[PDB]
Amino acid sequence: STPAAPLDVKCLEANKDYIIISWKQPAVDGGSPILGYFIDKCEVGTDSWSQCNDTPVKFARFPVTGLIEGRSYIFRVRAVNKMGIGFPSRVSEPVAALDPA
């Protein structure tokens, strides 16, 4: 009854101050509408996950902030419906918090 995991977590843009991520809605919503999404981050050296947003976001392209310039991060997304929070997506590829070019 909680939703399935979001799919295909990806990075659209990175710089040292924010990283934009997207994903795709889960194919299964648990029989209730997806109310939104939690995006978690984990520094590549670690196993410690932090929640990037306090309240779910409806949309599928989140700017992650609270980054340390030069550290690299992997991300996951959890979907929420009225029943609660589903299991996290597969983790993303690593992204460095560096300005491009």
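One rule holds for the numbers: they count along the sequence shown, beginning at 1.
Q: Using the B-factors recorded in the PDB entry, average over the C-alpha atoms of 72 to 80 and of 54 to 62, then report which stretch comes out higher.
A: Comparing 72 to 80 with 54 to 62, the higher average CA B-factor belongs to 54 to 62.
Q: Comparing 45 to 53 with 24 to 32, which has the greater mean CA B-factor as deposited?
A: Per the PDB record, 24 to 32.
Q: Where does the C-alpha B-factor of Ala5 rank in its chain, lowest, middle or highest third?
A: Tercile = middle for this residue's CA B-factor.
Q: Tell me, lowest, middle or highest third: where does the Cα B factor of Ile19 rank within its chain?
A: Tercile = lowest for this residue's CA B-factor.
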